[PDB]
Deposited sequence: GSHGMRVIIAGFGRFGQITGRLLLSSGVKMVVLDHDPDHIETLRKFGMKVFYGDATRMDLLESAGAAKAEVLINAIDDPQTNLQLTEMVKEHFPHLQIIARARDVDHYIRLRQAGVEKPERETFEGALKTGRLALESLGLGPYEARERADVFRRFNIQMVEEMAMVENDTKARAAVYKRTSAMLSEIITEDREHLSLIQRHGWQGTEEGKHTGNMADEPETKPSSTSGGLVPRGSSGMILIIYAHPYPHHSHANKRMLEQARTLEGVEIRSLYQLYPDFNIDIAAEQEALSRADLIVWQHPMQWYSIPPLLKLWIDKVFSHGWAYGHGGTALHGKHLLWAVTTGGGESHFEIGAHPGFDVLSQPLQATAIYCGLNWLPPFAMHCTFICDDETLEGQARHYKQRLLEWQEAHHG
């Protein structure tokens, strides 16, 4: 049905087994009879053939497939496949393996968005392990790898080339969202709203601080929009705060990037207001305290929260009632600023 995989050695095998674990249907071509053999032994069925033959690709279902995984090792063959596919199967999304930088560059120029250098992440992981056995903590080693990865990709993208409302959205599952999605649909029908969805930008929890601080600089209203999770916020939003509100950008000497900007907490909850009469300091507004303190410390003005309660039990029309009041609040804020 949806995926063709060209090459089913070390690289292709892993990519295909991940997709199988998600119940994705695929057809696999390999031109190595020994690899096909070893795979038969482990219950994987792979078809024999050179994937640069458009007749083979065509019978594998290329005209109807969504994604082709180019996992061929040889740069020139890998590149031939790429060019042939975009000429004969232009609807087909190409995801490609790259042997090295030279190969990655040729793939970028061919129009592949994100070529994966075959040894890059493994070599990065090896570096982390070496740092660890030298005594760095595992987490700090991983942050250093994240910093190097961002620098190296930017460098390599450059080589390839050479040849106001800011909503910080922090739903972990934006595609599964009912309440927050409706809120965003409504907020989009204003100008000039920018939305930064953290879990789409940073699935590996590697905040790009410079990019985030740049967006915040162009914002007059910042919004923390998220579903409530355990009387609190999602892990990535907490990470965003800890990293982006840096010394001395958000606080200290000096430190004043956020001064005079406003902040709004826009939160959705499963339970209704009565669900929060628990513990030593009951009530919904008490839950804002860490966030409000955070904002005030960094020189932000804290607006009264937008809270959409009772998303568990409802009419599927307060989902749009309360969603419109969200837009109302944003529009209100800006007609005054």
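Numbered from the first deposited residue, the unresolved ranges run 1-4, 168-237, 412-413.
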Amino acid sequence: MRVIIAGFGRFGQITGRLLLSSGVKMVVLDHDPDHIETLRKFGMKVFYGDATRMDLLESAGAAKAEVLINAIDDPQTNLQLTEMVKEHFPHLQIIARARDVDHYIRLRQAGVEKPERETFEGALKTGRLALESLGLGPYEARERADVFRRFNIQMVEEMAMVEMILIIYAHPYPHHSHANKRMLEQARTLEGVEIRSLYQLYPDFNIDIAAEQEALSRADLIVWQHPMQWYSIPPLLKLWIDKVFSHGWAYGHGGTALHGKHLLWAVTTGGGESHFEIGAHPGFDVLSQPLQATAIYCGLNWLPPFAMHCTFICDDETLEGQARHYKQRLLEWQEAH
From here on, numbers count along this sequence of modelled residues.
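Across the two stretches, 288-296 and 61-69, the PDB entry reports the greater mean Cα temperature factor for 61-69.
Just going by the entry, 251-259 versus 136-144 on mean CA temperature factor gives the higher value to 251-259. Take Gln229, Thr77, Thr119, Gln186 and read off each C-alpha B-factor from the entry; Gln186 has the highest. Split the chain's modelled residues into thirds by C-alpha temperature factor. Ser21 is in the middle one.
In the PDB entry, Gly192 places in the highest third of its chain by CA B-factor.
Among the modelled residues of its chain, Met159 has a C-alpha B-factor that falls in the highest third, as given in the PDB entry.
When the modelled residues of the chain are ordered by their C-alpha B factor, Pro33 lands in the middle third. In the deposited entry, the Cα temperature factor of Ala211 sits in the middle third of values across the chain's modelled residues.
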